[PDB]
There are 2 protein chains.
Amino acid sequence: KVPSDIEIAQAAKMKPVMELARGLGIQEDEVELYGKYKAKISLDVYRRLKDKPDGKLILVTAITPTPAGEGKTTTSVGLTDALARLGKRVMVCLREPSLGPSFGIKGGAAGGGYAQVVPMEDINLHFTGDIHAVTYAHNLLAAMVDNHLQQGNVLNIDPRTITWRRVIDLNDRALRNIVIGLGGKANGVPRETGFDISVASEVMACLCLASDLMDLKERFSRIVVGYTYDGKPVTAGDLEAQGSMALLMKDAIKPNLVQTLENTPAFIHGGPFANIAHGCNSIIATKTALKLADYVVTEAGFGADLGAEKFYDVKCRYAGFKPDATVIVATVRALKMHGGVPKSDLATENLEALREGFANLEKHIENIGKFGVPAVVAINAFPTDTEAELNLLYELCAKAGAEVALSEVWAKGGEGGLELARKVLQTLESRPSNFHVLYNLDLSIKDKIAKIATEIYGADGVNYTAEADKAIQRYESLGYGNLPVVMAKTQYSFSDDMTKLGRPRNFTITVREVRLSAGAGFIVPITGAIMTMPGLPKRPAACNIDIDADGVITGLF
Amino acid sequence: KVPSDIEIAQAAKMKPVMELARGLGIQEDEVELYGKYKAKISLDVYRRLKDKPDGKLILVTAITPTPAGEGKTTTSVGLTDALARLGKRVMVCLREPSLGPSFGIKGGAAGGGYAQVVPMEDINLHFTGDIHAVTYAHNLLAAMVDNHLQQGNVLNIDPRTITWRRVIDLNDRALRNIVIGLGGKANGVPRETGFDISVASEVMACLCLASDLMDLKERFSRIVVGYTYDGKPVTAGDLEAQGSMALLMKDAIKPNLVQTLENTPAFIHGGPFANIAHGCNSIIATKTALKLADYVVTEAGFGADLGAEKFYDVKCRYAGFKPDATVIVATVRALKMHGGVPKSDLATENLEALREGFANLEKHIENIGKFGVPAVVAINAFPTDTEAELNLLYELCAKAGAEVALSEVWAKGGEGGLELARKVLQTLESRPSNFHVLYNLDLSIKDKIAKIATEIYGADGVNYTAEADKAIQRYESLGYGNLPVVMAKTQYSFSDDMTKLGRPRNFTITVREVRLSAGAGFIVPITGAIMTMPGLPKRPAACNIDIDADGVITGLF
Ligand SMILES: Nc1nc(=O)c2nc(CNc3ccc(C(=O)N[C@@H](CCC(=O)O)C(=O)O)cc3)cnc2[nH]1
């Protein structure tokens, strides 16, 4: 046959999230329905199971992204199916996808094939309106700033230094750079600013790293909006915003229980950028998944260079977390591109090029080892991947020195990854973890980037532009020196040079600019231009998206 | 004596809505819950009951609003409640408040005192996401207009003629006048535009006028966004955005079931502006209520010169409704302001200013007669009103030919509205209505404006600026002249001059500008400057707002 990811999403039987919440010991009144098959879970399921056994934590990451695509979520879902098939109490924790791209290049399944989270349609759109709550908390702050300038600028802000932008969850490039506040004294103060996609919001970040609402509230209050003419940081604190922002977020703070194509209890909650932030789902979803399972499968954005590292250094750091196993996804087609084979050429097998690419994966694996974490490997399998190829790889992974398996979940459900399932258990009974943070918050900023760039990206050194040192000297000086560091750089290389594939060496990194996220609580060094507002294409999906008399949706997927 | 509004809402015991729904004959499968105390309800309910007769339709409206306040919704809910107490099968239909006011001026009850729909907190905030859906349906068209220009401008829009703005549901004045698409050839096409509050979006209007999702989609396709360099109109249809917008509104098209304090079912659905739109809740909600119930209370925005007028001449026109009674809500105080007494001396008895002001009420009563609907007056009782005052007000209402009933629903819930309920029932059993709209569509725009102006406002004639003349000329030759006309003017006067209280004589209306909503399907003459995006005050309510660890919300109401 020939089924597509939408049909496999419709066709499937979903169980009322209510009775899955019972199949997890969640009380009737800790749920909060959204139709029969979506629901939010209250902040008491943690608060009451406050001390209970935290089950085991299984971060899935990937090798360096490629035009091939690797499907890091699928393999992360169809593994959760396996663990449950082998009758284990296992939850997946995923990220809420942005609305905007469903109308740009099309929406895609949570995971894929036969390793999906459902109902897919809802997840891609409004879902439980989590993003909307972010949007409005960001935008009210924005409004509150501009209003304050209107009301006489009591705090004496220079409007030209305001760093607080606006958000919306569409790909709209016409809003990147705009002028607001025009039309004279009645209509505000003229200034330059713009919009970023809502999922790039510091508020989106805070959500994903607040422990509870009261934590979220205060983080907000810390957020910088800009400076006074005198140069003194002004905060959301200084504008008494944080109350009203936490209120707008009252329900967004509750993680959303949904399910697998095979009824495995899933959370979906948060979803920030993996570059200017850390690309994990929220702390709240996983720490609730902890007290509720013995086995929590999760994930982080982009390659293991960025997602993993930040998962470990910022997520786990802040959350006292202690990740046990870790998967790393890889395709062979992917590693052949890392071996310098263009995409029209992966149609054939290149066994020589696959020995080349591997250096990527191995670099990753060594990095995992570096946190005191039991690395383990896994292969997404495809129609074209010959057994000569698969084996070549197979054998170079123990020749590297950590477990390996094969998954077929795209096509075989939580069976293809049954093999990989045992490995992790194998790895959890036999292989403890010895988890430390790859750096320490007491070092000054340059050392923190250094120890990151050096050991993980495998660079010899790091450089700074004029305004990179100017910014950093300004920060250490304002006191924000002791923060973690989130590395805004390209995903497709270890280096900032996006064309440098495989495992490049002898290069160095260059920090062009440095930004602050006081509310999220980290420093963001930038190496490229960052696209914080993608744009629609020449022939977008919004043009052919239709819904007819019956609710039948053509074009969306 | 009475508790404040907010606390009354919390301590109310609400019934599971699914219960209310099965009580009314809605099947469980036509219900999508949002907690225990909210639900979206299927457009299928209406579809299977299309043939059943309608219950009675009872419109609530009021006299010319003043600073002194009249409390129209208070009456609507309390009227609903009394009807329920008298054993009648009744629902009330109300509009969803805009989120933004909750942070500038303060959120307020849906009603007030003991006459309220609940859960209060939700209905002010995100409720069920209806406005968010409106926000993104709207802004997707914005982004598609902008993408089209960016991608080679095939339709040949003159970007400077674009009328389709952007929307957001906060009071942000700085967003009134903006320039977008800056930064260079890669960032879109530079142009002047702005934001209006979401609830003033034409898409909000359409929702409220649509008969279903397919009618809604077809309307969307008729939205005019701007013109070509040739002066030909360009529509959303031409941009092929309708399916998408229609998709964003798939859940939004369903009315929301909620309840009054005393558990009377209530729809809350849509909620447009009442000056540039018709200030009514969705046809969809109201049409469903008539099938489910024997009596349906609904209300309209602003005074009877505006809401009532548009309710009949637009809402009922499209829906083929024939209202059976209309209740005008008035207070001793507002009448005295209209009779001349300043806000601070409204407490001092003054039968003469009360007789003078009564003219305002007399003129409204009279108007409602021009639509063939029998009128009952509700007097919102107030503690400083003397017996002499109230008595005079009764004599005057009877002299003027309408039943009158004192209402203390605010104070005493459904019990304070029992005489009023009885008067309405009395009017319904003995004075059946003879509904007809004030005007035929085949008149000219200028004919239609003058008939409203003179019949309802008691205007002498109508003036038009040169700019308004060309608009009307343009619109008529574009074939939009047989549309309804929707006056945007001040609500604080029958005249276009908000300083003219009571019943002004020898005045003219000046139509300065004329705009079009071809989606909603009407023409919008504007008289004063119309504020489609209000600003925050000196201190915004947001500066006091907080929620603590318990979740105790202070500063909000
Ligand atoms: N905002 C607000 N709205 C209200 O309606 C309101 N009402 C009260 C208390 N309500 C009232 C209402 C009417 C009379 C009153 O006029 N009493 C006459 C009735 C006359 C008649 O039946 O004709 C009496 O005889 O006591 C007293 C208290 C207090 N605060 C309020 N606040």
# chains A, B, ... in the order shown; residues from 1 in each chain; ligands from 1
$ interface_residues --of "chain A" --to "chain B" --cutoff "6 Å" --atoms "only C-alpha atoms" --output "VMD selection string"
chain A and resid 32 to 35 143 151 172 to 175 177 to 182 187 to 188 214 240 243 to 244 538 542 to 543 545 to 547
$ write_last_selection --atoms "N, CA, C and O atoms" --output "JSON list (two decimals), in the first residue's frame"
[["chain", "number", "residue", "atom", "x", "y", "z"],
["A", 32, "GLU", "N", -8.48, 18.55, 32.92],
["A", 32, "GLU", "CA", -9.07, 19.80, 32.47],
["A", 32, "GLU", "C", -9.21, 19.61, 30.97],
["A", 32, "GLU", "O", -8.32, 19.96, 30.20],
["A", 33, "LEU", "N", -10.32, 19.01, 30.55],
["A", 33, "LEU", "CA", -10.50, 18.57, 29.16],
["A", 33, "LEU", "C", -10.47, 19.65, 28.07],
["A", 33, "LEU", "O", -10.71, 20.82, 28.36],
["A", 34, "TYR", "N", -10.19, 19.24, 26.84],
["A", 34, "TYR", "CA", -10.20, 20.10, 25.66],
["A", 34, "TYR", "C", -10.75, 19.29, 24.49],
["A", 34, "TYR", "O", -10.06, 19.02, 23.52],
["A", 35, "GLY", "N", -12.02, 18.92, 24.58],
["A", 35, "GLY", "CA", -12.55, 17.88, 23.71],
["A", 35, "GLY", "C", -12.24, 16.64, 24.51],
["A", 35, "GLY", "O", -11.63, 16.72, 25.60],
["A", 143, "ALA", "N", 3.46, 46.58, 24.90],
["A", 143, "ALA", "CA", 2.46, 47.65, 24.95],
["A", 143, "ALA", "C", 2.72, 48.49, 26.15],
["A", 143, "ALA", "O", 2.67, 49.72, 26.08],
["A", 151, "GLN", "N", 3.16, 57.94, 28.66],
["A", 151, "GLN", "CA", 2.73, 58.56, 29.93],
["A", 151, "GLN", "C", 3.83, 59.42, 30.58],
["A", 151, "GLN", "O", 3.79, 59.72, 31.77],
["A", 172, "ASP", "N", 5.88, 36.19, 8.78],
["A", 172, "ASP", "CA", 5.57, 37.42, 8.12],
["A", 172, "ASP", "C", 6.79, 38.32, 8.08],
["A", 172, "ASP", "O", 7.13, 38.97, 9.07],
["A", 173, "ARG", "N", 7.44, 38.37, 6.93],
["A", 173, "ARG", "CA", 8.71, 39.07, 6.90],
["A", 173, "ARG", "C", 8.50, 40.56, 6.92],
["A", 173, "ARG", "O", 9.37, 41.29, 7.37],
["A", 174, "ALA", "N", 7.32, 41.02, 6.48],
["A", 174, "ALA", "CA", 7.07, 42.46, 6.38],
["A", 174, "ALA", "C", 7.10, 43.14, 7.75],
["A", 174, "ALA", "O", 7.16, 44.37, 7.84],
["A", 175, "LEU", "N", 7.12, 42.32, 8.80],
["A", 175, "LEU", "CA", 7.17, 42.83, 10.16],
["A", 175, "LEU", "C", 8.53, 42.74, 10.87],
["A", 175, "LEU", "O", 8.63, 43.20, 12.02],
["A", 177, "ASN", "N", 11.35, 44.51, 10.30],
["A", 177, "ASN", "CA", 11.78, 45.89, 10.62],
["A", 177, "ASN", "C", 10.72, 46.90, 10.29],
["A", 177, "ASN", "O", 10.41, 47.10, 9.12],
["A", 178, "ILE", "N", 10.17, 47.52, 11.33],
["A", 178, "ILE", "CA", 9.03, 48.45, 11.25],
["A", 178, "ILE", "C", 9.24, 49.73, 12.08],
["A", 178, "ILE", "O", 10.11, 49.78, 12.94],
["A", 179, "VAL", "N", 8.47, 50.78, 11.82],
["A", 179, "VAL", "CA", 8.51, 51.97, 12.68],
["A", 179, "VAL", "C", 7.15, 52.09, 13.34],
["A", 179, "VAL", "O", 6.15, 52.09, 12.64],
["A", 180, "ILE", "N", 7.10, 52.20, 14.67],
["A", 180, "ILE", "CA", 5.82, 52.39, 15.36],
["A", 180, "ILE", "C", 5.72, 53.76, 16.04],
["A", 180, "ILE", "O", 6.70, 54.52, 16.07],
["A", 181, "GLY", "N", 4.53, 54.07, 16.55],
["A", 181, "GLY", "CA", 4.30, 55.25, 17.37],
["A", 181, "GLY", "C", 4.14, 56.53, 16.60],
["A", 181, "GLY", "O", 4.35, 57.61, 17.14],
["A", 182, "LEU", "N", 3.75, 56.42, 15.33],
["A", 182, "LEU", "CA", 3.57, 57.64, 14.50],
["A", 182, "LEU", "C", 2.19, 58.31, 14.63],
["A", 182, "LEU", "O", 1.21, 57.71, 15.12],
["A", 187, "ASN", "N", -0.57, 59.64, 19.58],
["A", 187, "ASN", "CA", -0.41, 58.24, 19.17],
["A", 187, "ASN", "C", 0.88, 57.53, 19.54],
["A", 187, "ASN", "O", 1.31, 56.59, 18.86],
["A", 188, "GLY", "N", 1.49, 57.96, 20.64],
["A", 188, "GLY", "CA", 2.70, 57.35, 21.11],
["A", 188, "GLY", "C", 3.97, 58.01, 20.63],
["A", 188, "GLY", "O", 3.93, 59.06, 19.96],
["A", 214, "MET", "N", 4.67, 30.66, 40.02],
["A", 214, "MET", "CA", 5.33, 31.67, 40.84],
["A", 214, "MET", "C", 6.76, 31.94, 40.38],
["A", 214, "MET", "O", 7.23, 33.08, 40.45],
["A", 240, "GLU", "N", 6.12, 46.80, 36.57],
["A", 240, "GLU", "CA", 5.10, 46.03, 37.30],
["A", 240, "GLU", "C", 4.23, 45.18, 36.36],
["A", 240, "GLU", "O", 3.05, 44.98, 36.60],
["A", 243, "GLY", "N", 2.97, 40.56, 37.07],
["A", 243, "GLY", "CA", 1.69, 40.10, 37.58],
["A", 243, "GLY", "C", 0.80, 39.69, 36.43],
["A", 243, "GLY", "O", 0.45, 38.52, 36.28],
["A", 244, "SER", "N", 0.48, 40.67, 35.58],
["A", 244, "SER", "CA", -0.43, 40.53, 34.45],
["A", 244, "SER", "C", 0.06, 39.57, 33.39],
["A", 244, "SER", "O", -0.72, 39.04, 32.61],
["A", 538, "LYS", "N", 7.20, 31.50, -2.24],
["A", 538, "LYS", "CA", 6.59, 32.03, -3.49],
["A", 538, "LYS", "C", 5.23, 31.39, -3.81],
["A", 538, "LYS", "O", 4.34, 32.05, -4.38],
["A", 542, "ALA", "N", -0.96, 28.15, 2.38],
["A", 542, "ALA", "CA", -2.17, 28.93, 2.64],
["A", 542, "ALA", "C", -3.02, 29.19, 1.38],
["A", 542, "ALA", "O", -4.23, 29.45, 1.48],
["A", 543, "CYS", "N", -2.41, 29.11, 0.20],
["A", 543, "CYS", "CA", -3.13, 29.27, -1.06],
["A", 543, "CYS", "C", -3.98, 28.04, -1.47],
["A", 543, "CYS", "O", -5.02, 28.18, -2.12],
["A", 545, "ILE", "N", -4.81, 25.51, 0.90],
["A", 545, "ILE", "CA", -5.49, 24.97, 2.08],
["A", 545, "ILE", "C", -6.99, 25.26, 1.98],
["A", 545, "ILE", "O", -7.38, 26.41, 1.79],
["A", 546, "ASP", "N", -7.79, 24.21, 2.04],
["A", 546, "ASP", "CA", -9.25, 24.33, 1.96],
["A", 546, "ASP", "C", -9.90, 23.42, 3.00],
["A", 546, "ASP", "O", -9.32, 22.40, 3.41],
["A", 547, "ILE", "N", -11.08, 23.81, 3.46],
["A", 547, "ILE", "CA", -11.90, 22.98, 4.31],
["A", 547, "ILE", "C", -13.30, 22.99, 3.72],
["A", 547, "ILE", "O", -13.87, 24.06, 3.52]]
$ select_by_dssp --residues "stretch 145-390 of chain A" --states "helix (DSSP H, G or I)" --output "PyMOL selection string"
chain A and resi 145-150+159-161+173-175+185-187+198-200+202-209+213-222+237-239+242-248+283-292+307-319+332-338+343-345+353-357+359-369+387-390
$ closest_residue --among "B:387, B:218, B:403, B:121" --to "ligand 1" --atoms "only C-alpha atoms and all ligand atoms"
B:387
$ residues_near_ligand --ligand "ligand 1" --cutoff "9 Å" --atoms "only C-alpha atoms and all ligand atoms" --output "VMD selection string"
chain B and resid 1 to 2 69 to 71 74 112 to 113 331 380 to 391 394 405 to 412
$ residues_around --residues "residue A:334" --least-positions-apart "5" --cutoff "12 Å" --atoms "only C-alpha atoms" --output "PDB file with N, CA and C atoms, in the first residue's frame"
ATOM      1  N   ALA A  62      20.102  14.304  18.076  1.00  0.00           N
ATOM      2  CA  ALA A  62      20.527  13.851  16.766  1.00  0.00           C
ATOM      3  C   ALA A  62      21.946  14.306  16.423  1.00  0.00           C
ATOM      4  N   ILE A  63      22.459  13.710  15.353  1.00  0.00           N
ATOM      5  CA  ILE A  63      23.667  14.143  14.679  1.00  0.00           C
ATOM      6  C   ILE A  63      23.360  15.459  13.967  1.00  0.00           C
ATOM      7  N   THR A  64      24.375  16.051  13.345  1.00  0.00           N
ATOM      8  CA  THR A  64      24.226  17.341  12.674  1.00  0.00           C
ATOM      9  C   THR A  64      23.211  17.325  11.505  1.00  0.00           C
ATOM     10  N   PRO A  65      22.201  18.225  11.567  1.00  0.00           N
ATOM     11  CA  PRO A  65      21.139  18.281  10.558  1.00  0.00           C
ATOM     12  C   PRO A  65      21.649  18.421   9.124  1.00  0.00           C
ATOM     13  N   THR A  66      20.867  17.882   8.199  1.00  0.00           N
ATOM     14  CA  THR A  66      21.194  17.910   6.785  1.00  0.00           C
ATOM     15  C   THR A  66      19.919  18.006   5.948  1.00  0.00           C
ATOM     16  N   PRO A  67      20.020  18.616   4.752  1.00  0.00           N
ATOM     17  CA  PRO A  67      19.047  18.550   3.668  1.00  0.00           C
ATOM     18  C   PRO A  67      18.343  17.198   3.499  1.00  0.00           C
ATOM     19  N   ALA A  68      19.005  16.119   3.911  1.00  0.00           N
ATOM     20  CA  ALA A  68      18.396  14.797   3.933  1.00  0.00           C
ATOM     21  C   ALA A  68      17.200  14.771   4.886  1.00  0.00           C
ATOM     22  N   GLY A  69      17.373  15.384   6.059  1.00  0.00           N
ATOM     23  CA  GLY A  69      16.404  15.288   7.145  1.00  0.00           C
ATOM     24  C   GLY A  69      16.708  14.004   7.883  1.00  0.00           C
ATOM     25  N   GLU A  70      16.405  13.954   9.176  1.00  0.00           N
ATOM     26  CA  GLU A  70      16.705  12.749   9.959  1.00  0.00           C
ATOM     27  C   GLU A  70      15.513  12.222  10.768  1.00  0.00           C
ATOM     28  N   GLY A  71      14.507  13.078  10.974  1.00  0.00           N
ATOM     29  CA  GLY A  71      13.323  12.725  11.763  1.00  0.00           C
ATOM     30  C   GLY A  71      13.685  12.292  13.175  1.00  0.00           C
ATOM     31  N   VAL A 329      20.165  10.069  17.224  1.00  0.00           N
ATOM     32  CA  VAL A 329      19.645   9.559  15.956  1.00  0.00           C
ATOM     33  C   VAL A 329      20.661   9.755  14.841  1.00  0.00           C
ATOM     34  N   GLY A 339      29.566  13.056   4.233  1.00  0.00           N
ATOM     35  CA  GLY A 339      30.658  12.508   3.437  1.00  0.00           C
ATOM     36  C   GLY A 339      30.828  13.218   2.100  1.00  0.00           C
ATOM     37  N   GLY A 340      30.048  14.277   1.879  1.00  0.00           N
ATOM     38  CA  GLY A 340      30.191  15.120   0.692  1.00  0.00           C
ATOM     39  C   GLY A 340      29.401  14.679  -0.522  1.00  0.00           C
ATOM     40  N   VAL A 341      28.417  13.802  -0.312  1.00  0.00           N
ATOM     41  CA  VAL A 341      27.524  13.323  -1.381  1.00  0.00           C
ATOM     42  C   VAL A 341      26.260  14.190  -1.437  1.00  0.00           C
ATOM     43  N   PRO A 342      26.045  14.907  -2.573  1.00  0.00           N
ATOM     44  CA  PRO A 342      24.822  15.683  -2.832  1.00  0.00           C
ATOM     45  C   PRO A 342      23.570  14.809  -2.779  1.00  0.00           C
ATOM     46  N   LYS A 343      22.411  15.437  -2.591  1.00  0.00           N
ATOM     47  CA  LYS A 343      21.170  14.716  -2.274  1.00  0.00           C
ATOM     48  C   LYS A 343      20.608  13.833  -3.414  1.00  0.00           C
ATOM     49  N   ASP A 345      22.327  12.100  -5.229  1.00  0.00           N
ATOM     50  CA  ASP A 345      23.319  11.027  -5.306  1.00  0.00           C
ATOM     51  C   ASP A 345      23.166   9.952  -4.214  1.00  0.00           C
ATOM     52  N   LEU A 346      22.319  10.207  -3.214  1.00  0.00           N
ATOM     53  CA  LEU A 346      22.054   9.224  -2.150  1.00  0.00           C
ATOM     54  C   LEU A 346      21.115   8.113  -2.631  1.00  0.00           C
ATOM     55  N   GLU A 349      24.089   3.826  -3.243  1.00  0.00           N
ATOM     56  CA  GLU A 349      24.861   3.671  -2.020  1.00  0.00           C
ATOM     57  C   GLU A 349      26.305   4.103  -2.231  1.00  0.00           C
ATOM     58  N   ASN A 350      26.827   4.882  -1.291  1.00  0.00           N
ATOM     59  CA  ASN A 350      28.240   5.239  -1.296  1.00  0.00           C
ATOM     60  C   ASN A 350      28.915   4.804   0.007  1.00  0.00           C
ATOM     61  N   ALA A 353      31.868   7.001   1.146  1.00  0.00           N
ATOM     62  CA  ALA A 353      31.468   8.301   1.701  1.00  0.00           C
ATOM     63  C   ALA A 353      30.918   8.195   3.122  1.00  0.00           C
ATOM     64  N   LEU A 354      30.370   7.025   3.440  1.00  0.00           N
ATOM     65  CA  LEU A 354      29.797   6.719   4.756  1.00  0.00           C
ATOM     66  C   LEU A 354      30.858   6.504   5.864  1.00  0.00           C
ATOM     67  N   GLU A 356      33.506   8.437   5.641  1.00  0.00           N
ATOM     68  CA  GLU A 356      33.847   9.853   5.781  1.00  0.00           C
ATOM     69  C   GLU A 356      32.923  10.546   6.781  1.00  0.00           C
ATOM     70  N   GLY A 357      31.617  10.523   6.500  1.00  0.00           N
ATOM     71  CA  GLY A 357      30.615  11.197   7.329  1.00  0.00           C
ATOM     72  C   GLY A 357      30.654  10.834   8.801  1.00  0.00           C
ATOM     73  N   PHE A 358      30.783   9.542   9.079  1.00  0.00           N
ATOM     74  CA  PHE A 358      30.788   9.019  10.448  1.00  0.00           C
ATOM     75  C   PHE A 358      31.487   9.918  11.490  1.00  0.00           C
ATOM     76  N   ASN A 360      31.350  12.786  12.096  1.00  0.00           N
ATOM     77  CA  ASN A 360      30.317  13.651  12.687  1.00  0.00           C
ATOM     78  C   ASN A 360      29.751  12.973  13.924  1.00  0.00           C
ATOM     79  N   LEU A 361      29.062  11.869  13.676  1.00  0.00           N
ATOM     80  CA  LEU A 361      28.457  11.056  14.707  1.00  0.00           C
ATOM     81  C   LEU A 361      29.390  10.760  15.879  1.00  0.00           C
ATOM     82  N   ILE A 379      19.628   3.906  14.455  1.00  0.00           N
ATOM     83  CA  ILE A 379      19.544   4.223  13.035  1.00  0.00           C
ATOM     84  C   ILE A 379      18.131   4.219  12.460  1.00  0.00           C
ATOM     85  N   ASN A 380      17.696   5.375  11.970  1.00  0.00           N
ATOM     86  CA  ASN A 380      16.514   5.466  11.115  1.00  0.00           C
ATOM     87  C   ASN A 380      16.796   4.734   9.779  1.00  0.00           C
ATOM     88  N   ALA A 381      15.974   3.732   9.462  1.00  0.00           N
ATOM     89  CA  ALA A 381      16.114   2.955   8.219  1.00  0.00           C
ATOM     90  C   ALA A 381      15.146   3.383   7.096  1.00  0.00           C
ATOM     91  N   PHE A 382      15.621   3.309   5.855  1.00  0.00           N
ATOM     92  CA  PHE A 382      14.881   3.780   4.686  1.00  0.00           C
ATOM     93  C   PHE A 382      14.930   2.712   3.570  1.00  0.00           C
ATOM     94  N   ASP A 385      18.712   2.225   1.902  1.00  0.00           N
ATOM     95  CA  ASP A 385      19.866   1.948   2.774  1.00  0.00           C
ATOM     96  C   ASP A 385      20.300   0.491   2.688  1.00  0.00           C
ATOM     97  N   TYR A 492      24.038  23.357  10.944  1.00  0.00           N
ATOM     98  CA  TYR A 492      24.498  22.431   9.908  1.00  0.00           C
ATOM     99  C   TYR A 492      25.998  22.157   9.916  1.00  0.00           C
ATOM    100  N   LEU A 501      31.162  20.692   6.666  1.00  0.00           N
ATOM    101  CA  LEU A 501      30.484  19.437   7.079  1.00  0.00           C
ATOM    102  C   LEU A 501      31.421  18.316   7.581  1.00  0.00           C
ATOM    103  N   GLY A 502      30.825  17.202   7.999  1.00  0.00           N
ATOM    104  CA  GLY A 502      31.569  16.135   8.659  1.00  0.00           C
ATOM    105  C   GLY A 502      32.023  16.588  10.038  1.00  0.00           C
TER     106      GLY A 502
END
$ residues_around --residues "stretch 86-91 of chain A" --least-positions-apart "2" --cutoff "7 Å" --atoms "only C-alpha atoms" --output "ChimeraX atom specification"
/A:80,82-84,93,264-266,289,293-297
$ write_last_selection --atoms "N, CA, C and O atoms" --output "short mmCIF file (atom, residue, chain, number, x, y, z; two decimals), in the first residue's frame"
data_model
loop_
_atom_site.label_atom_id
_atom_site.label_comp_id
_atom_site.auth_asym_id
_atom_site.auth_seq_id
_atom_site.Cartn_x
_atom_site.Cartn_y
_atom_site.Cartn_z
N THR A 80 9.19 5.12 22.43
CA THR A 80 8.26 5.19 23.56
C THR A 80 7.18 4.10 23.45
O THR A 80 6.76 3.51 24.46
N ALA A 82 7.77 1.18 21.86
CA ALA A 82 8.52 -0.03 22.19
C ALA A 82 8.50 -0.25 23.69
O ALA A 82 7.89 -1.22 24.15
N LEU A 83 9.13 0.65 24.46
CA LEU A 83 9.13 0.54 25.94
C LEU A 83 7.78 0.13 26.57
O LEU A 83 7.75 -0.71 27.47
N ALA A 84 6.69 0.72 26.09
CA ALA A 84 5.34 0.33 26.52
C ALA A 84 4.93 -1.07 26.03
O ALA A 84 4.25 -1.78 26.77
N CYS A 93 7.79 13.24 25.96
CA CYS A 93 7.65 14.68 26.17
C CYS A 93 8.17 15.39 24.93
O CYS A 93 9.34 15.28 24.61
N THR A 264 0.14 5.62 23.80
CA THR A 264 1.13 5.84 24.85
C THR A 264 1.05 7.29 25.35
O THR A 264 1.12 8.24 24.56
N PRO A 265 0.89 7.45 26.67
CA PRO A 265 0.75 8.75 27.32
C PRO A 265 1.85 9.77 26.98
O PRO A 265 2.97 9.68 27.51
N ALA A 266 1.51 10.74 26.12
CA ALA A 266 2.40 11.83 25.71
C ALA A 266 2.10 13.18 26.41
O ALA A 266 0.95 13.49 26.70
N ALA A 289 6.41 14.24 34.08
CA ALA A 289 6.60 12.92 33.48
C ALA A 289 7.49 12.03 34.37
O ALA A 289 7.35 10.80 34.36
N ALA A 293 6.26 8.34 35.73
CA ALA A 293 6.75 7.21 34.97
C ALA A 293 8.02 6.70 35.61
O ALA A 293 8.57 7.33 36.53
N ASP A 294 8.47 5.54 35.16
CA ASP A 294 9.79 5.06 35.51
C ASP A 294 10.69 5.44 34.36
O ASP A 294 11.91 5.54 34.52
N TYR A 295 10.08 5.66 33.19
CA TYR A 295 10.82 5.94 31.96
C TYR A 295 10.21 7.12 31.19
O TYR A 295 9.10 7.02 30.68
N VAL A 296 10.96 8.24 31.16
CA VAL A 296 10.63 9.47 30.42
C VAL A 296 11.49 9.62 29.15
O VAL A 296 12.69 9.87 29.24
N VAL A 297 10.88 9.46 27.97
CA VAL A 297 11.56 9.82 26.72
C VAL A 297 11.25 11.29 26.40
O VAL A 297 10.10 11.72 26.57
#
$ residues_around --residues "residue B:529" --least-positions-apart "3" --cutoff "9 Å" --atoms "only C-alpha atoms" --output "short mmCIF file (atom, residue, chain, number, x, y, z; two decimals) with N, CA and C atoms, in the first residue's frame"
data_model
loop_
_atom_site.label_atom_id
_atom_site.label_comp_id
_atom_site.auth_asym_id
_atom_site.auth_seq_id
_atom_site.Cartn_x
_atom_site.Cartn_y
_atom_site.Cartn_z
N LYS B 489 -20.92 56.40 14.80
CA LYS B 489 -20.93 57.75 15.37
C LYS B 489 -20.77 57.70 16.89
N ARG B 512 -18.07 62.17 7.36
CA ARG B 512 -16.74 62.60 6.95
C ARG B 512 -16.06 61.60 6.05
N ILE B 526 -18.81 57.09 8.75
CA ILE B 526 -18.20 57.51 10.00
C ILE B 526 -18.43 59.00 10.15
#
$ select_by_dssp --residues "stretch 217-393 of chain B" --states "strand (DSSP E)" --output "PyMOL selection string"
chain B and resi 224-227+233-235+256-260+265-268+295-299+325-330+375-380
$ residues_around --residues "residue B:478" --least-positions-apart "6" --cutoff "10 Å" --atoms "only C-alpha atoms" --output "CSV table (one decimal) with N, CA and C atoms, in the first residue's frame"
chain,number,residue,atom,x,y,z
B,232,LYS,N,-8.9,49.1,-9.8
B,232,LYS,CA,-9.7,47.8,-9.6
B,232,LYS,C,-9.6,47.2,-8.2
B,233,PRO,N,-10.6,46.7,-7.6
B,233,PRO,CA,-10.5,46.2,-6.3
B,233,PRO,C,-9.8,44.8,-6.2
B,472,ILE,N,-18.6,57.2,-1.8
B,472,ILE,CA,-19.9,56.7,-2.1
B,472,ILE,C,-20.2,56.5,-3.6
